Every structure is written in C-alpha cells, then in structure tokens.
C-alpha cells in the first residue's frame, strides 16, 4: 500500500488568448477625473492609454472570451480541459468559484477549478500549477485565466493610482510536450510590505462603519519601486538559472506591466540584450494586475515579432510584496 507510481511527462503552453475592453481611455480623459496632466502620466508611468471595462464586461465575460481564444489557438476543445485555474483579485462574489462558472460556460464540464488570489503574481502562480498538474501525469490539458477589473477596486477620482490600472483578461492553455516547455517557478515575499499595497478597508469594516467605505487599493509606490528593483531583479535571474538559461538565451521578456520605468530598470539591471523582444503593453493597456503578463504574452505571440519554441521570461510582482515567475518556451503563433 505504497500507492501507484504515476507516470510524469513534459508540458508547455499550447495556446494563448485574451480579451481587451472595447472602451479605450487616453490620459486626456483620465485628467478629467483627477487633477493631472497627460504629460505626467507617461514620463512617470509610461501609459498613453488604458482600456476600462464597461458594465457588461464582467470578469467572467472577459475570462470566458480570453479562454475561448486560448483554446482556439491551442486547437483544444473544452471537453479536453481537466482543470481551470482563474487568477483574480477583483471578484466580489465569495462563492462559488469564478473558475467553475467559466468552465461551465466554456463547455468544460469535465474539469474542476479553483480561483487563485495572489495580486499581480497571480498568472505566473497559476501557470506553474498548470505545468506541475500536467507533468504529474494527473492532468493532460489545463486552462489558466487571469481576469481583472482593477477599476472596481480603485478610485478613479484619486490621482494616487487612478492613472495606473487597466482592465482585461488573458488566458493560456498548457498541455503535453516532448521536452520541458515550462521552467520551475521562482517565488518569494516581503512581509513588511503589507503596508505598501493594501486595501483602504475590508468589506467587513464597510459594514460596521461606512465612514471608511468601499474597499480600494492604496499604495506607497516608492517602497514597492525599491522592492521591485531590490528583489524582483534577482528573482528574474533565478527564474533564468533554475530553468538552465541566460539573459542572452531569451527571445522575449514579459514582465508584469507595473510601469515602463520599472520595466526600463529591470531590463537594465538584468542585462537584457537589444535583440530580445520586451513587453511594454502598458503603453496602451495600462496596469492590468494579474492579467498583465497574460495580456502581454498573448500580444507577443500573436505579433510575429518572435518565433515559436524560443525561451521567454515571465514574472509578476506586487501586493503583499511577493513575486512569481518562470521561463517558458513560447508557442507557435496562431
């Protein structure tokens, strides 16, 4: 009674997809909500425009749309999906899990599903869970969806970060591969950051004293910026070594679109060559939280700017002050 010796295997991203809210919002329109200047929102962040979800574009709608596109690219039917993992931090329904409603809508009635909550690092955590699942021999096809409506958790009328977070969703399908297509994940924390990226309040408080009402992100952007340059850079190189790869091996670098500036710093401290394509979707996407790396990944692969099978470095980082990232073989363009 020593159990069965399951037969592992290899896995990698078979297909990617995404959903981008129809309503685009330029910095000019953002300056009509807050007291800013299109010119500040760009030299500091790097955003020229972001997309904001409309009432009908719930995270479920966006997640199912992003998922379908991923399944089409991978050429996999919903019936073949064994697990659906949804990463989000902007869900106001305690239960049942969003991942179960998405699976059901998609037609994947053979699947299970949890939701996952890890702030910006969410997609890279979900992806490593998917990789481990398939490689364990227990699952063959896994769907990973990162759907966020950050606008629901941020006061647009708050120059703090009202020009920062965008909406949208990204998905990836992982399945069998003859060779390792996803490198080991690397993850870590700062526990002293809890006060750098928290919620104005908890819904529990909202009901007891309305005074501090509806929850919403508040951030000490200097501390996180320094944390990002301090720990995210080393993690990125670790993510590289653990997978047996160097900066020069990459054909792409898809970091969470927190800020083009931080992105410049990262690309800088990391020694990223000029030949390796770097995601900067933040320009017109904004900051989409855990969906950020997924949205970017989808754009990258579907551009032709990079060939299949080539190494790509991904890494999300943020709230709680925690990161997660891994290196992976890009899929063939659709």
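Numbering follows the first chain given and starts at 1.
Which is higher in the entry, the mean Cα B factor of 167 to 175 or that of 229 to 237? For C-alpha atoms only, the mean B-factor is higher in 229 to 237.
Per the PDB record, is the mean Cα temperature factor higher over 48 to 56 or over 31 to 39? Looking at the record's C-alpha B-factors, the answer is 31 to 39.
Residue of maximum C-alpha B factor among 125, 159, 141, 94, per deposited coordinates: By C-alpha B-factor in the record, 159 ranks first.
Comparing recorded Cα B-factors across 106, 83, 129, 250, which one is largest? Largest recorded C-alpha B-factor: 250.
State the tercile, meaning the lowest, middle or highest third, of residue 288 with respect to the CA B-factors recorded for its chain. As the PDB entry reports it, the C-alpha B-factor of residue 288 lands in the middle third of its chain.
Hey, what third does residue 65 fall into on Cα B-factor, ranked over its chain? Its C-alpha B-factor belongs to the lowest third of this chain's values.
Rank-wise, by C-alpha B-factor, drop residue 221 into the lowest, middle or highest third of its chain. Its C-alpha B-factor, which the entry lists for residue 221, ranks in the highest third among residues of this chain.
Compared with the other modelled residues in the chain, in which third is the CA B-factor of residue 245? Tercile = highest for this residue's CA B-factor.
Going by the recorded CA B-factors, say which third of the chain residue 325 sits in, lowest, middle or highest. For residue 325, whose C-alpha B-factor we compare with every modelled residue in the chain, the answer is the lowest third.
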